[PDB]
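The form deposited in one PDB entry is given below as one chain in structure tokens.
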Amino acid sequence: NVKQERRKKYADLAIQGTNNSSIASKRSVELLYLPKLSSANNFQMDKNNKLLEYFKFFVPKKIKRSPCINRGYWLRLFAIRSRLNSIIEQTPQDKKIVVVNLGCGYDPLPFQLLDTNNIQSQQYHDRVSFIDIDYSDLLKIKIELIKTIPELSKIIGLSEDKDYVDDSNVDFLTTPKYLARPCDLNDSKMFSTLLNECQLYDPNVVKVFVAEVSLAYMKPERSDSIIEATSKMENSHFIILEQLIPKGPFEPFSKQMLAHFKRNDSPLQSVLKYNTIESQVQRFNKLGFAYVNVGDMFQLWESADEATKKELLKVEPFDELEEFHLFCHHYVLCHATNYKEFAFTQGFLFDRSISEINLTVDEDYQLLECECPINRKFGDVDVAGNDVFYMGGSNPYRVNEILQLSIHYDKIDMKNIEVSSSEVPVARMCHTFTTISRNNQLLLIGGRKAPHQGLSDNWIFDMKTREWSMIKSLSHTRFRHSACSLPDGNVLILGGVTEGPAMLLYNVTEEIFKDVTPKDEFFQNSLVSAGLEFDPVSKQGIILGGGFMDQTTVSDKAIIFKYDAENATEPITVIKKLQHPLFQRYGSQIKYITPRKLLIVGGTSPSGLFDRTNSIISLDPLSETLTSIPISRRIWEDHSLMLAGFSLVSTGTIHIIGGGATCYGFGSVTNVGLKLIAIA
């Protein structure tokens, strides 16, 4: 077949520029996410509720991606679509709207929207038109496919004919609802010409200029011109979706992101000039657009109605939320207008960023690198006698092995202990490893394999015998919970991802668990990956930060409590609850430097990124004062620091060991290790 031969020909060409591209990742979401979502959020559905496909026209292959890249790319389709929606809903129903996709690549967006078969874009069927702009070469191929693929030609009005061929191979296409126009965006003057050739000057036509990760590869000056050129088109919106480096090119995630693109020889340039959200506002004001509504991907995520999140969480197993936080904060969605009639209704409005607080430098303790390349995340570790023991974790795969850590001032020695029993705990992460039996044994509680495979089998490891014994098992599975040995030798167990009680108590000698959820409205929800320590001296303990099972909320509370050992119905009671934005951490670890100073370390936050001043801090529980333990510019810039999956070990010094993150397919990073010593 003549047509089919042509189709395949340029079908292959389209591929040489689709994989590890945003289109490939959208095909991924199209395969997995869109079929499992209800009307509101599938974007593509026929009258009979059958999902419709479009990204398959440029990337047919079954594409797959981690659960973090997928949620991100769902957020990303929902980014553009929520904004286009606000414009279509408000603009009077007779006005012509024009969507101009700047550097569209193989983005099938127009066809997703123009297709009368898709009842989830009915508001686009009549009065919306589309202009695709990219490099000449690219549009040639893309037009070949639009012509030779009947389903596509059908949409925009071209003839569907098995027995017709258009061999011209041009870089431009003209239809009532879709045109493609070639243009090198780095040429501000050819672009400005194009704006008029297309009659975008007409004030009776509303313009929507969309820059989805394209003006991000261009130098600030080259991209600022594109933006400004459009500001002079009366009644225009500009939608820009691109990267941010809110805390500089040395933020743990930022460092990896820039470096990744450098390797792909597609550096991020504009972001260098425009680091933060506010930076984008002033930019758009300066360049013509006086009305701006902007926030990062995570504000967009909180923005989803609870009916939508519930579906999303149930799409695929997911448990990389520290990665999701970081990624989200490094991508901005910026909606700009050059006319004041258009209002950003509260449905779409982004709350302004609340100012950050400066903190007093800690006069007593400081940070100083201490290599501990255990090369693994999300295990746990506790001290026994003078020995240290790290168990399980992933690296990047889940292991069950136990490591003895010989801690030294400069470096840490590691020996793999050998198991002596025929039975062993399955390989797991996000469990807890706690010391019991007067420092003779170690208690393994909960944990998981894959995120849908929470575990309920607990174990005990005996140092002398080097044997594993499966003790009693948790009624409900449980991971990402917290733990800490109590004075009496028992083990408190906090929240986690579980259906079980919010707080458990494991009596070692009696070999039983006990639901001891405090009588407080705070504990109505299972707290995930919070910080939790107890101080035998001050006879109390703290709960710090932590997230909830909606994967959206994060406690900003520091909870002080006591332990009444002689009480068997309310052993745990809440003394006091403290609040502060810097408490709002997920995946942190806390520890007592002294009875009057609690070391709070690492984790991610829904609010913003942690910097060198507040990644590590300390709080005085009775004084209610916050002191900051700064990280040197050196350790920030030169060494690999990623506070997620790490742990705290103590033998007046607390080491920050293990930890990493895969940084959204921009490569992996490993927390090299740090130590907190007293100041000379």
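Residues that one form lacks are left out of the comparison. Here the rigid core means the biggest group of C-alpha atoms that line up within 1.5 Å when the two forms are laid on top of each other. Sequential numbering from 1, following the sequence displayed.
Just so it is clear, the following notes concern the form deposited in another entry, a form of the same protein that is not shown.
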2 Å-or-more CA mover between this form and the one not shown, where superposition uses the core and the choices are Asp265, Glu418, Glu363, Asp163: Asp163
Threshold 2 Å Cα movement between this form and the one not shown for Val669, core superposed: no
Yes/no, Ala11 Cα shift of 2 Å or more between this form and the one not shown with rigid core fixed: yes
Cα-Cα shift for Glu53 and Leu13, closer or farther in the other entry, minimum 3 Å: farther
Comparison of CA distance in the other entry with shown form for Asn19, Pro108, at least 3 Å: closer
Runs in sequence order between this form and the one not shown, three or more residues long, with CA shifts of 2 Å or more on the rigid core: 4 to 20, 162 to 169
